[PDB]
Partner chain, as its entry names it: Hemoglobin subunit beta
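Shown below, as structure tokens, is a lone chain in the form solved without the partner chain; questions about how it binds or moves come after it.
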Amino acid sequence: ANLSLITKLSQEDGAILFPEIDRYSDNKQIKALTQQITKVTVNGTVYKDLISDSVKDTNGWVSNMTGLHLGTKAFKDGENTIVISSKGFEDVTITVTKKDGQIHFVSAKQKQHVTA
């Protein structure tokens, strides 16, 4: 149901970080997914690749050696839905909760096939 390789986040100033979304990974699936990101949405807002800029307080993302940085501009109280599209991988949906200024990791999945 949940991804094994994306499990956590860090809080930054006006941003969060997914350290496991690593463009330098020896894990070829994580490396190819991260290198080949095509689109990031937060609560349906389209984010811009800021390349190497601070993402503080932006609708912006950066992939670098510390992971995937996301601005919190489009974040809301309660549930937040982050959708990462990539060339070779089904969309990844990360759910995070915001409460009293604090954001925590809830789930990371790709849409699943129903099995018995």
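Numbering follows the first chain given and starts at 1.
Comparing the deposited coordinates for 99 to 107 and 15 to 23, the stretch with the larger average C-alpha B-factor is 99 to 107. When the C-alpha B-factors of 79, 91, 49, 57 are read from the PDB record, the largest value belongs to 79.
This protein has a second form, the form deposited with the partner chain bound, left out of what is shown; the following refers to that one.
Annotated contacts: 23, 52 and 65 all touch the partner chain in the bound PDB entry [non-hydrogen atom within 4.5 angstroms].
At a distance threshold of 4.5 angstroms between non-hydrogen atoms, residue 36 is in contact with the partner chain in the bound PDB entry. A residue is said to contact a partner when one of its heavy atoms sits within 4.5 Å of a partner heavy atom; residue 87 meets this definition for the partner chain in the bound PDB entry.
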